[PDB]
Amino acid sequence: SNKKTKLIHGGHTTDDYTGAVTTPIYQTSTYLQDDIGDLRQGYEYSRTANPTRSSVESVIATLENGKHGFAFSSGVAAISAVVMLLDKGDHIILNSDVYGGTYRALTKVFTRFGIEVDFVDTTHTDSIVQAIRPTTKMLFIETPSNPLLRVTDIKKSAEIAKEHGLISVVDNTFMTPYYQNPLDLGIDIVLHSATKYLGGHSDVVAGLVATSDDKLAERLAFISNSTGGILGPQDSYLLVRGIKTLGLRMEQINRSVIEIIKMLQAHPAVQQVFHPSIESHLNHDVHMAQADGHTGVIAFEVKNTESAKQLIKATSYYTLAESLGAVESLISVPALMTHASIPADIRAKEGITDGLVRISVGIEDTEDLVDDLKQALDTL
């Protein structure tokens, strides 16, 4: 019925054989056959299928209201498998500010294989329509994006893709299946870096993909079996375990996000704040129409580099590290950490200022996170 119940009882995460209430960890590569070709339970070689991996795949398919799930060794392995649905000469449209790893994979790996890409401003969906070429085969969007949290209309993107015969893909990492379900809005394929919120404990690198399309699922299964970027069984188990608390974790994160944004907007040492919950944020209405909650990633401007570094050093409960979706609140400076190779003037033009700080809100007490960030900002 309701989402918190579905997180516990959705998917197949018990052992039919013993009744174990958690998925057994099948640390195994191969399986006995009683007769040549007769598989006891459908398993024959762990690259092709492994029962613990099948469990986490059933979970992500259930949570995204899809039919087929796929677990990969990383988020970018999931993205690469999806891109491999295309051939040399095919074209992809993506949002302009896609994740740096996605940008790198597309422009430094897959363009060498003849895949063509264009990065356009999808916050106006007619930009997608203009960018469609006779060779376009795929539309790939993140919403909200990193680190400025730009929002793209999922339902309209799906309609455009359907009209023009494109495979539509949404990277749903930042919102999770708890708040945003792209397959329900007509999208062909949804994917996640499960490294972030889904695992939730900063202890698994993994990607997850879900679809309702039987033919796309067959193609993805073939790509996974042939290029072999599969998630192992221990990591699959830890993902299943982490997903159990996704609802509680996201709800705590959201309570803190709301109070933190209030504080940041009031604080004189903070300038622009970037988050889709802010009513003046571009496509705020679109976000609220396609999601019933918020990501825990917030970006905001302080004055300069020295102020950003001082902010990081003055906090007690914000941890300097890469990644997001931890139980810990994480803090970073995109201009120094993720966008550092981009020329400074171009960073500034794109809004990635020296003083732009990104936080990924964790599950600490809300009052503590607000007070800690506020007292640290008071030292500026």
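From 1 onward, residues are counted along the sequence shown. Basically, rigid core = biggest C-alpha set you can superpose within 1.5 Å across the two forms.
K.L.:
Comparing 95 to 103 with 144 to 152, which has C-alphas lying farther from the shown form in 5 other deposited structures of this protein once the core is aligned?
P.N.:
When 95 to 103 and 144 to 152 are compared in 5 other deposited structures of this protein, the bigger C-alpha shift is seen for 95 to 103.
K.L.:
Using the B-factors recorded in the PDB entry, average over the C-alpha atoms of 338 to 346 and of 310 to 318, then report which stretch comes out higher.
P.N.:
Of 310 to 318 and 338 to 346, the stretch with the higher C-alpha B-factor average is 338 to 346.
K.L.:
Do the CA atoms of 324 to 332 or those of 31 to 39 have the higher mean B-factor in the entry?
P.N.:
Of 31 to 39 and 324 to 332, the stretch with the higher C-alpha B-factor average is 31 to 39.
K.L.:
Name the one of 132, 246, 231, 208 with the greatest CA B-factor according to the PDB entry.
P.N.:
Reading the PDB entry, the winner on C-alpha B-factor is 132.
K.L.:
In terms of recorded Cα temperature factor, pick the maximum from 137, 201, 267, 241.
P.N.:
It is 267.
K.L.:
When the modelled residues of the chain are sorted by Cα temperature factor, does residue 60 land in the lowest, middle or highest third?
P.N.:
According to the entry, residue 60 has a C-alpha B-factor in the chain's lowest third.
K.L.:
How does the C-alpha B factor of residue 184 compare with the rest of the chain: lowest, middle or highest third?
P.N.:
For residue 184, whose C-alpha B-factor we compare with every modelled residue in the chain, the answer is the highest third.
K.L.:
Name the third of the chain's ranked CA B-factors that contains residue 12, choosing lowest, middle or highest.
P.N.:
As the PDB entry reports it, the C-alpha B-factor of residue 12 lands in the highest third of its chain.
K.L.:
Thinking about Cα B factors across the chain, which third does residue 52 belong to?
P.N.:
It belongs to the lowest third of the chain when residues are ordered by C-alpha B-factor.
K.L.:
If you rank every modelled residue in this chain by C-alpha B factor, which third holds residue 262: lowest, middle or highest?
P.N.:
Highest third of the chain for residue 262's C-alpha B-factor.
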